[PDB]
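Should a chain be cited, it is by its letter among A, B, C, D and E, assigned in written order, with residues numbered from 1 in that chain.
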Amino acid sequence: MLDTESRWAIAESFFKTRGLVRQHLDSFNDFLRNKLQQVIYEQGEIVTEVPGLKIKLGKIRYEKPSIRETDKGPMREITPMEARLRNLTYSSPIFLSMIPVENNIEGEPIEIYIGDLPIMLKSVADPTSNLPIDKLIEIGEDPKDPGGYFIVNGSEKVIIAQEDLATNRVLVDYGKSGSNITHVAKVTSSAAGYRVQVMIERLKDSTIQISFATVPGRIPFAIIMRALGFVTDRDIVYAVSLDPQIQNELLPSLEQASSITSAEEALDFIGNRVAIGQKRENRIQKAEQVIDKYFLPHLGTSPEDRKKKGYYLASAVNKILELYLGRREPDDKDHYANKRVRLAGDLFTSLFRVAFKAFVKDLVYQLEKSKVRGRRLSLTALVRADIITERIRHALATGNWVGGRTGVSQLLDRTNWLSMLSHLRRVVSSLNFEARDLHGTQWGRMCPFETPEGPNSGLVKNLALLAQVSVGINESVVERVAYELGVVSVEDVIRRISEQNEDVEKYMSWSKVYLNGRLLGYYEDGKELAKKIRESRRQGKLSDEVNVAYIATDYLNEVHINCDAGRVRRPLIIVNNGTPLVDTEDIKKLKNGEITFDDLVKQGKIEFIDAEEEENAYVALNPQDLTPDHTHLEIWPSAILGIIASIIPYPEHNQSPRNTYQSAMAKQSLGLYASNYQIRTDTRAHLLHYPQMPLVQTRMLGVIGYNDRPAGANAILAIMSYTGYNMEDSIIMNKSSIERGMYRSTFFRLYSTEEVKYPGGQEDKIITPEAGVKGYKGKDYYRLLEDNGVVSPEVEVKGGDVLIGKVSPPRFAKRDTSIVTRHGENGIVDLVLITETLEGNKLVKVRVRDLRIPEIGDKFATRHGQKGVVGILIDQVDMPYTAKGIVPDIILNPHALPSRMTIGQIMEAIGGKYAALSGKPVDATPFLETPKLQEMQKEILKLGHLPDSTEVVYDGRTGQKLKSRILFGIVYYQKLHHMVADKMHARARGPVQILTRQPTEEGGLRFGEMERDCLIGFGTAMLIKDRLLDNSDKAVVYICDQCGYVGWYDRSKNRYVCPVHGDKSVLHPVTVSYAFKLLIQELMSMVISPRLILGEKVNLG
Amino acid sequence: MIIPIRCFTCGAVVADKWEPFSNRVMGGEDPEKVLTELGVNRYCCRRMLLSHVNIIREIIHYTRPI
Amino acid sequence: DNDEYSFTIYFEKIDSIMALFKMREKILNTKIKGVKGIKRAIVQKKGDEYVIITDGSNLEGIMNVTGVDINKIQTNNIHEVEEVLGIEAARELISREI
Amino acid sequence: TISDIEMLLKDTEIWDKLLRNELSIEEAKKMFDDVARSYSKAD
Amino acid sequence: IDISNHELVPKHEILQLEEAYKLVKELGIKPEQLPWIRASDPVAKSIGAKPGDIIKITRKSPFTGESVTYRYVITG
């Protein structure tokens, strides 16, 4: 019987020892510790065309973060703040110890600098991870930032988690209706550096066709089986399955491959399709390479492993037959047993793999050129390290990835704390109305509320509070432990049925055992093996990354063992005989601090399980719901939510769209995004001058540090219809409160330039105030520019004033590239920063601050999804005051409540009133709130106000008491960054495009087809002519009478001139849109010849 | 960041009450009695004193050179 | 006959087993009763009269069925009624469906 | 199908001739019936 | 089979040439400018409509009760 505090102790220990962003750090640490050497070893060796010369790659190492200040500097170490300020990359060097082989001698090993890799913040690589708070303050870093992002070119880029279907596993599904295809199975083999999809189909006839990317057409099943090493149909049949009823469906395929008796017949049958026109030996060789390296490379590309691959293929075919016979349903693409999440580790190691392949290619080229020409044998001068250094960076800065996926790395969102945390903990689905649907498997792994509205609904999710992404372990150890446990190999089973006479029905009742989707063997009973694996993992003998499940469907029973990475797994308290393994002593030790969550999971009390293992788990929400049948217990019932869904107080009383909208619009709220915002240089920054921590606070608010970086203020809220400016989701705000700094904010904009040097004779874009060079803006615009060419801090900047004076020599005589402050934006210069870039160019940054006072039209939102602009600002005298004289800060229309069904807002109002009155903390965590509503109302009555939170209100304007009481509360409000100050776009007569002669850049509003049809529907004609012809591309063109081609007027001689007719023809002026003339001339650039036919402007008659 | 000079709802000075209230609450006294005897009875001022963060203490380390 | 509610079929010129399996697929995809295009028909009550709601659309076939009046037949699709009942009936059905 | 297009041509020519009041209604009706009988016999 | 008894089918009639002449003169249109019905349509074939004729169709409408529309008979 663990009460609320006991379970919250476990949850707090989890969030304390393990950070909020742990998946990124875990993946990056796994990459650095293992994958960095794994890529080198899978590369193996550097072999050149010349036989004697060779290179062996011994070991790899990363140094502390540093930069090359000079050409041959000692690589002094830097801090992440310096990388941010100087637009550097927080990267660390890589030294690879490769030993050169010349004339088949080993020689002495040498380590060379192969490139810089960007490192994740707060990881094992950077030193700031373990620094104390005071040292973090001294260096200049915010002590509370969780890390998990790279600093690339001065920008915080974070690799979003990418969710996709599991590779190396076969998924079966029905074929499209009304087609010769009846069943389909697709397997995606993820090799080292490339990915191959193999598609297995069953036609209307029971023949089975296997195809993959390089081989056109469909290869028969038995043909490809014989090509892989199988010699007669009996081996194929027994490899597919052991049940005669399911074995009988392979006969048509076997007799379709009856002509193929030997392996070479299958080989050259494939080779005919692979490449046609060469000799039989070349066909056989080509088929051999494509089968070895393009069929199932995850099993292995060597010819030795080929036989193994064949077995795999047979197993896949088995599933199709099981789908056809009706034994199994098609696999769900949405089940998390089928979906894997790739973090920065897997992606970044793939990127390093491709970069190292390119580097080795270039090194081989240069080495062979040097050898055939004759040069220095040393590898230090042939390193060409930048081939890696730029490449990785080019992937992180742009976000366009090597594998073809896009948007891998995004600039970190720092509007406030919540936006940064959510953007760190984000999983984007690569891929239908079925995939968008919320799946029951998402319980405890993804937040059900946090999802964008629109085309991305259900495709972008946030990792849950207690959700962990698997790191992964080597398959070999799990294979060995499974074989040692007693699993009989499939080839051994087939041999002992064939070589020795045994009962087939004896092994038909056995349970199949799979490992990572590959048929591993057979076992006596699935339940016993699953229990053995679970107990071995719990006792610590087996690794904790192994998850075992037992299906035991009446038609088929199997054992699935998973140890691969990317599985989203959640921790559950193990419950044995109706009593959880965690006991009172464990909770006492947690409270004292003797043991932590990691000690609990190591001891076997709490275990992380995946979806597949949770398939046969039976879980209880609370200890009072626990029964002996139950297998697990939940550490925290309200941990199914995300970072933002845990912000809401009493979220179970709201409607689900309200919570989703709250999650969407809580990232936009203004607040303190970082404690070091003053030294930091961000392109768009916001600051709330007086932010307040919520009065109604959930448990997780203090964990994420939100109450130390708040993004709003408590507002005295009255739910009443005071004037009518709060209708249709609008609010009324006290203007006296605004004049006292209620929601005043500051907006920071950054303008930065580099004094770039380009090839020439000492040619540089020196920063200096301008005197008489071309493109000169005007002497009035340079009034506030200092002598050195950059504006001094704390000066008013209005309109298009220049901040940095730069002159540029022509690329093909000075030109003005000086920075003009945006025309709409007006503000005061806040900060001026001057640095030297790595390449030696002068970098200047100017940050300008603008004060935003709330006004009519500014958008505000509560913690429940009630977004709305400010209808009006009302003085304190006009607002309706109470008997105690307290006037509302925000008035909200009651009609917004019943259709939206947001009871949590009224509950939060009452809770905030109670919190302010009694002063005691209020906890509004879903499913467990302290105190309850009734005690809150009783205490509110005791303190001196009405129990139902209403109170007597007098009309401020007339002084007359209202006939009814008005509810008053302290609901938390946030100011969104969609201000009306920067949301105005209005155009008078101005510039037009050079080509189309239409107005843009201030640009004009596009009228468009739908507005054109509205104007047509009203029947107005001159209004259409005004709105579509007079105010845009109004032109007059002279058209020849006879041919009709557009002519011109000659200014020298009053006579009109026709391009075709010369001077002999008469030309008439016609007023048309210039877009029509452009269309006519573009058709004339074709061979189309439009001849415009003129007619009398008058009706004539 | 720094406590507002006046309560947002009613123009009552609460800035001078931050130091006594914070010092006495940190000393081990329940905020209700401290607020009641300090001289703030309207809950509009209580939410001003109760829900304050004092960010200015952290910011003085990270101050713009200017 | 084999067992009751079962039977067995043998062939003389069966030739290849591929032909045998194609023959089996032909046998399974053989219609026993009912006109083409209809998946299921459900009797429903509309008030003192019972009608049939049909998941398929075959105007001519249903018109040929004995026991159904040709005068009152409603079809979801507008093309077959245009082919059978002319263009004015098609226009009326289009308006009524919208 | 050329018969249908030619019949359409003849019918529209007869209608335009009627709209110009070249001849009365009854003769035009005879022409319509005659052309319909003649070129439906082929079909 | 007879389809003119169906509820969806309005009342189709073939009007004489004098009425068609009066109609086209009052409307001020060429006969082909009217909406046209194919001569192979079953409703036109039932009344024996011939190409070049004009069919008067009375539909049941809730606004006027019976509405009179004119169609043109075309060839195929």
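As a convention for this text, a residue touches a chain if its C-beta (ideal position, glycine included) is under 8 Å from a C-beta of that chain, and two chains touch if they have at least 3 such contacts.
Each step here moves to a touching chain, and the least such steps from chain B to chain C number 2. Across all inter-chain contacts, the pair with the most C-beta pairs is A-B.
Centroid analysis (C-alpha atoms only) places B farthest from chain E.
The geometric centre of chain D is 18 Å away from that of chain E, both derived from CA atoms.
The geometric centre of chain A is 50 Å away from that of chain C, both derived from CA atoms.
Between the CA-based centres of chain A and chain B the separation comes to 40 Å, rounded to the whole angstrom.
Remark: chain A and chain E have CA centroids separated by 64 Å (rounded to whole angstrom). Because contacts link the chains only in sequence, without closing, their graph is best described as a line.
By the document's touch criterion, interfaces exist between A-B, A-C, C-E, D-E.
Contacts from chain D toward chain E in the complex involve residues 1, 3-5, 7-8, 11-12, 14-16, 18-19, 25-26, 28-29, 32-33, 35-36.
The part of chain E that touches chain C in the complex is made up of residues 1, 3, 5-10, 12, 37-38, 41-44, 57, 59, 71. By the touch criterion stated above, chain C contacts chain E in their complex at residues 63, 70-73, 81, 84-89, 92-93. Taken together, the chain A residues at the contact with chain B in this complex read 137, 140, 142, 672, 675-679, 689-695, 707-708, 710, 713-716, 734, 736-737, 740-742, 793-794, 830-831, 876, 884-889, 912-913, 915-920, 945, 970. By the touch rule above, chain C contacts chain A in their complex via residues 16-18, 21-22, 25.
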